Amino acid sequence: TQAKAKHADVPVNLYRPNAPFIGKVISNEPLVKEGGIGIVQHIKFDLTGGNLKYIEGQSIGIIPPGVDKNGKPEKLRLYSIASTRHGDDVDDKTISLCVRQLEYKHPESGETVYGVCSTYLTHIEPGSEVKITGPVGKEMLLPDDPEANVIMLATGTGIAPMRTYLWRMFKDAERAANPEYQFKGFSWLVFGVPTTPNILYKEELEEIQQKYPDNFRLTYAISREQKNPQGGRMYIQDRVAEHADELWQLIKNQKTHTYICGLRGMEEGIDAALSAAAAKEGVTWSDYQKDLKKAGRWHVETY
């Protein structure tokens, strides 16, 4: 662990629960504005005090404080790095998180319950000592080929990993901080969310739009204020279905890669779409998809 680093170039697990790294918080700003549904907040840790490494697409563990609520020591809760490897400040000392507050009415007594961890982070205080666990990810690595096409289907706080994708790609700073990767290809993000004001990072992902017409396309899905012609609120599955033929066309390319992230249950609607549009050209999307994971071109992380 801790000193556990001797192999590969991908920072994975240079820190363990058996050797926490009590990172410290810099900022903690909302992401859902008034009118939005629920609480989702941007959280930024300082890295000074350790050798924490990472890149875009990896996950970072956070350990909650507490020894009395279920008898045993608290456990890891994993989160996706919301920032490039350099951190959110285009250096190498920071890193940003995308955390939604988990609440639900009890299965039995109906009482609203608050997940120990995210309820911790969401209300977190600047300079509040936080134990971080090293990175744990290799299924959502971002390819080093500018030419590559990055398809990104995310819902809710699944917008983490595409931010690191899109930021590095189209952030002026990083663009100069990573001269040996000037994205000239074409990336495409489909973003599913309940409300306009729920559109996380809207006023930057759209800045990335007007600046790179040719390298980035941006499709919202807003169920609570968007309807398909067949008279049904807009879910990402519905947006994919609408652009199935298009999208299918993309991934049939040679170096076209796909990235899906967000809460479990988003992948079934989308496989159905590509399936139908792909079967028209005669092909089992299950088989075609079956083989694209081997070729490392299909990337799924849903929790």
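Counting begins at 1, following the sequence as shown.
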Revision key, fill the gap. Higher of the two mean Cα B-factors (66-74, 40-48; per PDB record) comes from 66-74
Check your understanding: Comparing 130-138 with 219-227, which has the greater mean CA B-factor as deposited?
Key -> 130-138
Review point. Which one of 179, 156, 161, 213 shows the biggest C-alpha B-factor in the PDB entry?
Key: 179
Review point. According to the deposited entry, which of 239, 264, 257, 53 has the largest Cα B-factor?
Key: 53
Check your understanding: For residue 34, does the deposited CA B-factor place it in the lowest, middle or highest third of the chain?
Key -> highest
Study note, to complete from the structure: Binned into thirds over the chain's modelled residues, the C-alpha B-factor of residue 208 lands in the middle
Check your understanding: Split the chain's modelled residues into thirds by Cα B-factor; is residue 85 in the lowest, middle or highest one?
Key -> highest
Review point. Residue 280: which third of its chain by C-alpha temperature factor?
Key: highest
Review point. In terms of the chain's CA B-factor thirds, is residue 104 lowest, middle or highest?
Key: middle
